[PDB]
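Trainee: the data below comprise the sequence and an experimental structure of the protein.
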2 protein chains.
Amino acid sequence: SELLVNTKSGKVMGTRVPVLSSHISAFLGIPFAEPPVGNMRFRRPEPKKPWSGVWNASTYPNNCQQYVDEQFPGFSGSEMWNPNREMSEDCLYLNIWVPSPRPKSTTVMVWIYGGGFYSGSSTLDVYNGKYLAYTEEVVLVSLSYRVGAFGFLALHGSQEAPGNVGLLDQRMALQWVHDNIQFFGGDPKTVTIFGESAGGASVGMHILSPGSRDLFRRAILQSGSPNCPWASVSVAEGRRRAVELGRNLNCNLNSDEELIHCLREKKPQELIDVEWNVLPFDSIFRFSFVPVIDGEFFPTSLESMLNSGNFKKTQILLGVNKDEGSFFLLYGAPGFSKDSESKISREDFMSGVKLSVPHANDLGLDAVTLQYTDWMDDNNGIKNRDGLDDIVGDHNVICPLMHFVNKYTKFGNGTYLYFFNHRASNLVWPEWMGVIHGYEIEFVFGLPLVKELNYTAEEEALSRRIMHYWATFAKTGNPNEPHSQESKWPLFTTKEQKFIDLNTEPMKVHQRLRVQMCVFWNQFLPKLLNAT
Amino acid sequence: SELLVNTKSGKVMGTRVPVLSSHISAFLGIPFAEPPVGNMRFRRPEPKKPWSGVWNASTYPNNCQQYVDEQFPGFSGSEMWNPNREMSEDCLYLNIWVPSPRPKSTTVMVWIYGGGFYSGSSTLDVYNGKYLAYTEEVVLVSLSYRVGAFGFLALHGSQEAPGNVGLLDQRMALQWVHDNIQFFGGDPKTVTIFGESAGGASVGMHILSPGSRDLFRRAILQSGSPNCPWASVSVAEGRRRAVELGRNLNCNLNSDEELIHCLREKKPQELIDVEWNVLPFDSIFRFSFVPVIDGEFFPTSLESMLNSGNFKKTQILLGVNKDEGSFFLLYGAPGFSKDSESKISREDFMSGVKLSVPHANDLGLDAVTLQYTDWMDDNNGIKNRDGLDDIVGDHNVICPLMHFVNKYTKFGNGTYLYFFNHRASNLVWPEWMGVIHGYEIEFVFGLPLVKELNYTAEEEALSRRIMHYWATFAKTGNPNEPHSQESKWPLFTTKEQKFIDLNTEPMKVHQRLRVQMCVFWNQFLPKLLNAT
Ligand SMILES: ONCc1nc(CCCCNc2c3c(nc4ccc(Cl)cc24)CCCC3)ccc1O
Ligand SMILES: ONCc1nc(CCCCNc2c3c(nc4ccc(Cl)cc24)CCCC3)ccc1O
Ligand SMILES: *[C@@H]1O[C@H](CO)[C@@H](O)[C@H](O)[C@H]1NC(C)=O
Ligand SMILES: *[C@@H]1O[C@H](CO)[C@@H](O)[C@H](O)[C@H]1NC(C)=O
Ligand SMILES: *[C@@H]1O[C@H](CO)[C@@H](O)[C@H](O)[C@H]1NC(C)=O
Ligand SMILES: *[C@@H]1O[C@H](CO)[C@@H](O)[C@H](O)[C@H]1NC(C)=O
Ligand SMILES: [Cl-]
């Protein structure tokens, strides 16, 4: 049949889901690794052993064990990113949408969720892939990987807890796509991985990792990049939090073997319930267990691999939102509220600044501070709040990404930069928060295109042509069509550094995104902190 | 007789000079100290021994031995600043302009010329006092003092050459006014010292120095401050420069007594011809022999005195011109030409900042560089040259002065702060230089009132109300005439820190003069340089 597909590990039976006026096929909850439980917690995935009979793949799988944001109970804006199914350690499954009728050898887009490496689900309504697969005639996969200590606890040296097993999870799913997408009419040669935030850092790290480079063709990165300050740790600091996690749970601490055996007997939510107590600073936009630079998944430092060009050469498409930081100030920084305008007394501004650059010394704090205040109007509660919003956005996403897009372009074969800044009309958060981190994703996944979600006609259009940009990029490596009258989105080149606005107005090209603050962030303050 | 006056040191006979279709009496080249010649070179002045007979005081006196600028031979724009009389170590003479008829007891303003403490004459055309004494009915005095090595060679411990003796020439002239001004109808209880650049710095340092506090009433400072980075040095630097001068002339360098011996046998121009070989770095806006923070004239460091309030509490009148640095880049930094727009390429721009901040470590260099660079336009010749202008303007005048005006206002009895930014219509220099360092002086001294000098009628008005500001402040301690119709120059207060624009247009009030750059130059960069 059409809804029956026979992979190299077993048969699976999908379901005919409707999407706008029509229907397509979906195969949800497909196993791709052996469940990682018991003795297998903190270890590299093992490929799912083959099954007999037909795997019922008609409902979403479980979500992985993860922290559950309860700051705003009932609030859709925060609830929409929480797990929506049961949470098991048995969670390494993927989902495929196939256009109906099944095409032969078509482009494949693998989605990779983010969530700071501490949270995120393959099964959220925002990652519902039926719209984009259908409208742009692509095969859409969305994978899953372990998060928090489950995915990234790291005792380098031990093979029982090496670290980066979450990235190894998503490489196994990619290797599953490589061997089975052809049985869904996916072309294993036209595979595009794409991810947001942690998921975008992840995309970046596969571009860098020699063990992952052959499992895909191209890459999209949204508001995330492999070199972000929150996105990695040294083995030493990785070890330290691993060890202190043992200390919170009154574990034996002499050797990794004893430590891990102690940590493997704890119920999963005992781990989640102390996961934040291992961070070295009072901070915003930092997460406890993240990828390690161990030397195996990452040959050397990310900077050196960028400099030597020791990475995958292909075309990348990538960009950032306008207000990356507003979400993280609302959760961790004083003076900000969901229900107020959040003007910020200057005293809170300093508290906010020291939170945003936890690692800086005093002199660097002053540099960050002088760099972002209007000294004709320092007690202006708005300019301070926008002040902080730009600090955490520029520090944690934008300037890290731009450093990556300049480094990569010296060696890549194509680069398209975007700047998404569309305040949705139906959005739930207050206006001060602007274009929220993560809220480009609705347009990528075509959610403006169903009329029951009450979007304006414009955001629909903008969603349809972002999907086309993404899809066309995934097919041809160029988001523009060759006929297509208007309006070509220019290559990003080392000398001219062009990019485009994603929003409801006619597209405009710009040069040097945030060059001024990014010189501060990528060259100067690094220099200040090294020498002081 | 009106032109014959009996002072405490002897009888003086003056001259009846015409002025603007009237006349007044001037007393020129009046001695106030013993000539500091032979064994008196480098030593503290001694009060002029009383003479017999009548001193023919109708001609200007000699100028001090000083460097002479030959960069543009014949060009009035620079020869305006060079000595216009013969030069001699016998140069310590003041000049008096008395209204006619003689006042009974009227205000006295004492001009203190600048010239980087290396140059300057009381007898320049632009310091002709007849116009302002005539127009605002004040007793105008114009003093002199040794400059460069003659005025500030500094070997602490040695009382044959202590340092600061150029400033002591000033104070001896100041006490001469104290004791004798009453005989010209001046009031020693209403004396206003005022000077420009090196002069303004000096005016500044008499309000610090205890031996000076009681020799005047008020203080006007123009484009100069005691705390200027070029305005002083330590004993250690002052001695090493004294010693390096001896090295440049084959002097005996074992003791000071032999050192100073050797130096007083050298002919004055032999000191001038090597003067500059002694600076520590290839720089701009720095000068060889300047005041020393010795512990006698200056009891402690300038900052401690500013913080502790250890200075004289009075009313000050001070301010700056719009483009203090343009003159100094024309003479010292690559790519500036007098006959060009001096569009600055970027490689010359950073030669510029290095020359501009000679004491900066490299980390300080990038700090300065990124704060004056439009990184969407780094090869914009204009903005680079405009940029470099601001750097040396802000670093050497603007921001030091604002530091002083805020430090002082915490303790004085009235601050009035100005921003001169009128480009004189008949200016000989090219327009890229703007409101050049030193060219408010023509308006202070009323030259636009001379018709043959071809100033615009609007320039005449600005000169007239500038001298009134100056003169009205010199008597009342306040620029304005109370309960009069003209718009009113507001006090500078610690909280609102207001100031006004001097120019042909109706008066504007502004707030915080160049705070953002000044926060950099006054709080952050100094902090950056302490650390390693
Ligand atoms: O901001 N400080 C705290 C803070 N408490 C809460 C309260 C609810 C769960 C607490 N869980 C967390 C803890 C800490 N940091 C966290 C950062 C982001 C997030 Cl979502 C949870 C964190 C550091 C160590 C203590 C726990 C919510 C947000 C929040 O930020
Ligand atoms: O920077 N302007 C002018 C400038 N002229 C020259 C030569 C022309 C006049 C000589 N006298 C000078 C010397 C030195 N530095 C000076 C700085 C400012 C002034 Cl006025 C005169 C200076 C450095 C050591 C050598 C002599 C050389 C370098 C230079 O920079
Ligand atoms: C597949 O699983 C769904 C989920 O409960 C169930 O409703 C459906 O009947 C199952 N189909 C078969 C053929 O087992
Ligand atoms: C990509 O590579 C091909 C062949 O290696 C080359 O001709 C083309 O110019 C490259 N394009 C870019 C944008 O790097
Ligand atoms: C003073 O000097 C001037 C300048 O030469 C001269 O004209 C005048 O007659 C002199 N007066 C006396 C009394 O010597
Ligand atoms: C100056 O001092 C007097 C008393 O000494 C005081 O009444 C007055 O307010 C002060 N003026 C200023 C401008 O500080
Ligand atoms: Cl200009």
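Mentor: That came in fine, so what should we check first? Numbers count the residues shown, from 1 in each chain, chains lettered A, B, ... in the order given. Ligands and ions are numbered 1, 2, ... in the order given.

Trainee: surely residue A:17 is within a helix?
Mentor: No. Counting by DSSP: H, G, I helix; E, B strand; the rest coil, residue A:17 is not part of a helix but strand.

Trainee: I figured it hits residue A:57, correct?
Mentor: No. Applying CB atoms under 8 Å as the test, residue A:17 and residue A:57 come out as separate, 11.8 Å apart. C-beta: built from backbone N, CA, C; applies to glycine.

Trainee: got the residues of chain A near ligand 1?
Mentor: Counting by CB under 6 Å from any ligand atom, chain A comes close to ligand 1 at A:69, A:71, A:276, A:277, A:331, A:332.

Trainee: mind redoing it with 5 Å?
Mentor: A:276, A:331, A:332 (CB under 5 Å from any ligand atom).

Trainee: from those residues, keep the buried residues only.
Mentor: Among those, those classed as buried by 16 or more other CB atoms under 10 Å in any protein chain shown are residue A:332.

Trainee: possible to save the residues of chain A next to ligand 1 as CSV with secondary structure?
Mentor: Formatted as CSV, the residues of chain A next to ligand 1 follow (three-state DSSP):
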residue, secondary structure
A:276, helix
A:331, helix
A:332, helix
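
Trainee: out of the residues of chain A next to ligand 1, who's nearest ligand 2?
Mentor: Taking CB to the nearest ligand atom as the measure, ligand 2 sits nearest to residue A:332 out of the residues of chain A next to ligand 1, at 52.8 Å.

Trainee: which ones are touching that closest one?
Mentor: A:283, A:284, A:285, A:355 (CB atoms under 8 Å, 6 or more residues apart in numbering or on different chains).

Trainee: where does the second one sit: helix, strand or coil?
Mentor: Secondary structure, three-state DSSP: residue A:284 is coil.

Trainee: returning to that earlier point: for the contacts of residue A:332, which one is nearest ligand 3?
Mentor: residue A:285 (39.3 Å).

Trainee: residues near the closest residue to residue A:42 other than its chain neighbours, how many?
Mentor: Of all residues not flanking residue A:42 in the chain, residue A:161 sits nearest, at 3.9 Å (CB to CB, 6 or more residues apart in numbering or on different chains). By other CB atoms under 10 Å in any protein chain shown, 25 other residues sit near residue A:161.

Trainee: so what's residue A:161 up against?
Mentor: For residue A:161, the contacting residues are A:42, A:43, A:153, A:154, A:155, A:242, A:256, A:260, by CB under 8 Å, 6+ apart.

Trainee: so residue A:193 versus ligand 1, what's the distance?
Mentor: 26 Å (CB to the nearest ligand atom, to the nearest Å).

Trainee: doesn't that residue belong to a strand?
Mentor: Yes. Secondary structure of residue A:193 (three-state DSSP): part of a strand.

Trainee: and the closest residue to chain B within the stretch 251-400 of chain A, backbone torsions?
Mentor: Residue of the stretch 251-400 of chain A nearest chain B, by CB to the nearest CB: residue A:375 (4.4 Å). Dihedral angles of residue A:375 (phi, psi; degrees, to the nearest 10) stand at phi -80, psi 0.

Trainee: can I get the residues of chain A next to ligand 1 in TSV with distance to residue A:300?
Mentor: Listed next are the residues of chain A next to ligand 1 as TSV, based on distance: CB to CB, whole Å:
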residue	distance to residue A:300
A:276	30
A:331	34
A:332	32
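
Trainee: just put the residues of chain A next to ligand 1 in JSON lines and tack on distance to ligand 3.
Mentor: Below are the residues of chain A next to ligand 1 laid out as JSON lines (distance: CB to the nearest ligand atom, whole Å):
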{"residue": "A:276", "distance to ligand 3": "36"}
{"residue": "A:331", "distance to ligand 3": "36"}
{"residue": "A:332", "distance to ligand 3": "40"}
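
Trainee: highest neighbour count among the contacts of residue A:332?
Mentor: Of the contacts of residue A:332, with other CB under 10 Å as the count, residue A:285 tops at 25 neighbours.

Trainee: thought residue A:180 was touching residue A:7?
Mentor: Yes. Between residue A:180 and residue A:7 there is a contact under CB under 8 Å: 4.2 Å.

Trainee: quick one: which of the residues of chain A next to ligand 1 is nearest residue A:528?
Mentor: residue A:332 (24.1 Å; CB to CB).

Trainee: where's the residue lying closest to residue A:360 once chain neighbours are set aside relative to chain B, distance?
Mentor: Leaving aside its chain neighbours, residue A:360 sits nearest to residue A:529 (6.1 Å; criterion: CB to CB, 6+ apart). Applying CB to the nearest CB, to the nearest Å, the value for residue A:529 to chain B is 11 Å.

Trainee: do the same with residue A:81
Mentor: 35 Å.

Trainee: please identify which helix or strand holds that residue.
Mentor: In this structure, residue A:81 sits in neither a helix nor a strand according to DSSP states H and E.
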